[PDB]
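Undergrad: Test case, fold it:
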Amino acid sequence: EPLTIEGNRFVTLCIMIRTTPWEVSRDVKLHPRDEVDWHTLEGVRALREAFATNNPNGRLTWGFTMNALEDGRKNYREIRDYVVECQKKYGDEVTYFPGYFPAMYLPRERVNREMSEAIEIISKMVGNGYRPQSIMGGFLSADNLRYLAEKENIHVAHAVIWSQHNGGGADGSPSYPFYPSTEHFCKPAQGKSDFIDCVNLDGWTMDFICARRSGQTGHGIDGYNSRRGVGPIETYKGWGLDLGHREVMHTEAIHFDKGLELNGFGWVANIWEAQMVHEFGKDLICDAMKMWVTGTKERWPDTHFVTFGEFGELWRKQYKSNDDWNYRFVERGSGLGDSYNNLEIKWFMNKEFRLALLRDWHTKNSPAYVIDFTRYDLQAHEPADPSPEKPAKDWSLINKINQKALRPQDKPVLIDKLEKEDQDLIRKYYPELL
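TA: Numbering: from 1, shown residues only. Below you will find the coordinate block:
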């Protein structure tokens, strides 16, 4: 259970296991920190036990870097054995997590080859023909997703780091699930000719108000941070448990209150790195995990905590093309930190475009402004194959207006200031906005 996406609320958690922070391949370690001692059996077990609190049917995705899969040292061996026990006991997923940024630094063919190598290691590790239902890719290319679907018969991937701009750029996509185009991993396939049968999933649910920004001042409640939402770094850790928890609940409520009404289901994604227990303390991080799960179940008791792969396949069972979905969200700020209370944001996402409107609702009769209008019907292109000494860090899909507001043309404007053709495309889907 559950057998269908419709009417249901889902949380998909992944716990990441690694030897260094940003190891996209065996020899390509983009961050110098040696985390061997930050990964222990007791730390991993404690975090899983925290997750199970008030959550006996919950399962999650364990994601390993290549070096964590292959390391022969006792800690990594013990962690792998425990994770196999979890696959058997809980139905947790076990899959590859290539260091967040693989497509930025590695040629497409290399990513594909190494994904296949990891899948083989994992199948043999878990035994009895096990294959994961997803890959925890982060920056994958369209070709990597094609390859997974067609050559590995894997039809879900985390390959959306939704809104990320400055860890590189991958802004422009929908934040909810879609089938990507052969043109660009952030672009919904427009039809049969560019279709890839792989569901592309976000990794961390954002507070949409926070995520409008590029970059950050820090992790605290005094600052702003474009990665604030359900992720623990910018909430439980940066703000402390009490205040952090409130922002995580608020962000979930975007999906589990109004979102479910608008979209027919609600889905929250999150990724917690196992090394956080060492970096920040076992009790703090385990208390945060317990608080998150318990608080979610208290408010939304029928929420299903399932693997990334299970959720993607539930979506794929219901939605067969990008004509089948049309996502809407509405959010006002929480009133905590940079989730500014005076702002109301509305997102619209469909096969042909996404659109965001922002309004200062504290000012009587202040209109909503377009802060993002990104067309998908336009041809898109990804960077040419990079390599580790010539990375391609900017994979964003940007054309008319982008929320990060880094170009003069990104100035927020009334919807009636858009070009006629852009209005016409909008009116096709949402005539009420014009």
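Undergrad: can you give me how far stretch 130-145 is from the chain middle?
TA: Computed by C-alpha atoms, centre = their mean, to the nearest Å, the chain-centroid distance of stretch 130-145 equals 13 Å.
Undergrad: can you give me the strands in the stretch 251-400 of the chain?
TA: 266-273, 304-306, 327-332, 343-349, 353-360, 369-375 (DSSP state E, counting those that start in this stretch).
Undergrad: which of those strands sits most buried?
TA: By mean neighbour count, with neighbours taken as mean count of other C-beta atoms under 10 Å, strand 266-273 ranks first of the strands of the stretch 251-400 of the chain at a mean of 25. Yep, even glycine has a C-beta here, placed from its N, CA and C like the rest.
Undergrad: Within its sheet, name the partner strands of that one and how each one runs.
TA: According to DSSP bridges, strand 266-273 forms sheet pairs with strand 9-17 (parallel).
Undergrad: Report the next helix or strand after the partner strand in sequence order.
TA: Next along the chain after strand 9-17, taking DSSP states H and E as the criterion, comes helix 41-52.
Undergrad: and that following helix, what other elements does it pack with?
TA: Packing partners of helix 41-52 (3 or more C-beta pairs under 8 Å, 6 or more residues apart in numbering; DSSP states H and E): strand 9-17, helix 74-90, helix 276-280, helix 282-299.
Undergrad: one more time with 7 Å, if that's ok
TA: helix 74-90, helix 276-280, helix 282-299 (3 or more C-beta pairs under 7 Å, 6 or more residues apart in numbering; DSSP states H and E).
Undergrad: of those helices, which approaches residue 328 most closely?
TA: Smallest distance to residue 328 across these (C-beta to C-beta): 21.6 Å, for helix 282-299.
Undergrad: before we move on, back to that, mind giving me TSV with the helices and strands packed on helix 41-52 and columns for distance to residue 12?
TA: Listed next are the helices and strands packed on helix 41-52 as TSV, based on distance: least, C-beta to C-beta, whole Å:
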stretch	distance to residue 12
helix 74-90	14
helix 276-280	18
helix 282-299	12
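Undergrad: Let me have the ones you listed in a markdown table, adding mean neighbour count and distance to residue 411 as columns.
TA: As requested, the helices and strands packed on helix 41-52 are exported to a markdown table (neighbours: other C-beta atoms under 10 Å; distance: least, C-beta to C-beta, whole Å):
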| stretch | mean neighbour count | distance to residue 411 |
| --- | --- | --- |
| helix 74-90 | 17 | 49 |
| helix 276-280 | 19 | 39 |
| helix 282-299 | 18 | 38 |
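Undergrad: Ignoring the adjacent residues along the chain, who's closest to residue 96?
TA: Among residues not flanking residue 96 along the chain, residue 118 sits closest, at 3.7 Å (C-beta to C-beta, 6 or more residues apart in numbering).
Undergrad: And residue 245, by the same measure?
TA: Among residues not flanking residue 245 along the chain, residue 291 sits closest, at 5.3 Å (C-beta to C-beta, 6+ apart).
Undergrad: what do you get for residue 68?
TA: Spatial nearest neighbour of residue 68, chain neighbours left out: residue 17 (4.6 Å); criterion: C-beta to C-beta, 6+ apart.
Undergrad: so who does the one you found touch?
TA: Applying C-beta atoms under 7 Å, 6 or more residues apart in numbering, one finds that residue 17 lies in contact with 39, 62, 63, 64, 68, 79, 274.
Undergrad: Not counting sequence-adjacent ones, nearest residue to residue 328?
TA: Nearest to residue 328 is residue 262, by C-beta to C-beta, 6+ apart, at 4.3 Å.
Undergrad: Tell me how many other residues crowd that neighbour.
TA: Using other C-beta atoms under 10 Å, residue 262 is surrounded by 15 other residues.
Undergrad: Quick check: the farthest pair among the contacts of residue 17?
TA: The distance between the two most remote of those (C-beta to C-beta) is 13.1 Å, for 39 and 63.
Undergrad: more crowded one of those two?
TA: Taking other C-beta under 10 Å, residue 39 and residue 63 do not tie; residue 63 has more neighbours (28 against 23).
Undergrad: what about the more buried one, which SS state?
TA: Three-state call for residue 63 (DSSP: H, G, I helix; E, B strand; the rest coil): strand.
Undergrad: what's the nearest residue to residue 366 if we skip its chain neighbours?
TA: Closest residue in space to residue 366, ignoring its immediate chain neighbours: residue 360 at 4.8 Å, by C-beta to C-beta, 6+ apart.
Undergrad: Looks to me like the residue nearest to residue 96 is in a helix.
TA: Yes: applying three-state DSSP, one finds residue 118 inside a helix.
Undergrad: That one: neighbour count?
TA: For residue 118, the count of nearby residues is 21 (other C-beta under 10 Å).
Undergrad: so what's the closest residue to residue 307 other than its chain neighbours up against?
TA: Counting by C-beta to C-beta, 6+ apart, residue 307 lies nearest to residue 93, which is 3.8 Å off, once chain neighbours are set aside. By C-beta under 7 Å, 6+ apart, the contact list for residue 93 reads 61, 62, 132, 133, 134, 307, 308, 309.
Undergrad: Tell me how far residue 93 lies from residue 86.
TA: Distance, residue 93 to residue 86, using C-beta to C-beta, to the nearest Å: 10 Å.
Undergrad: what residues are shared contacts of these two?
TA: Common contact partners of residue 93 and residue 86 (C-beta under 7 Å, 6+ apart): residue 62.
Undergrad: This structure - how does it break down into domains?
TA: Domain ranges of the chain: 9-319, 328-434, per curated CATH domains.
Undergrad: mind giving me CSV with those and columns for distance to residue 3?
TA: Putting the domains of the chain into CSV (distance: least, C-beta to C-beta, whole Å) gives the following:
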stretch, distance to residue 3
domain 9-319, 8
domain 328-434, 25
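Undergrad: With respect to burial, which of these scores highest?
TA: With neighbours taken as mean count of other C-beta under 10 Å, the domains of the chain reach their highest mean count in domain 9-319, at a mean of 21.
Undergrad: start to end distance for it?
TA: Using C-alpha to C-alpha, to the nearest Å, one end of domain 9-319 lies 16 Å from the other.
Undergrad: And for stretch 377-395, what's in contact with it?
TA: 28, 103-105, 107-108, 139, 141-142, 168-170, 181, 183-184, 187, 190, 352, 397, 399.
Undergrad: First-to-last residue distance for stretch 426-434?
TA: End to end - C-alpha to C-alpha - stretch 426-434 spans 8 Å.
Undergrad: Understood, closing this out.
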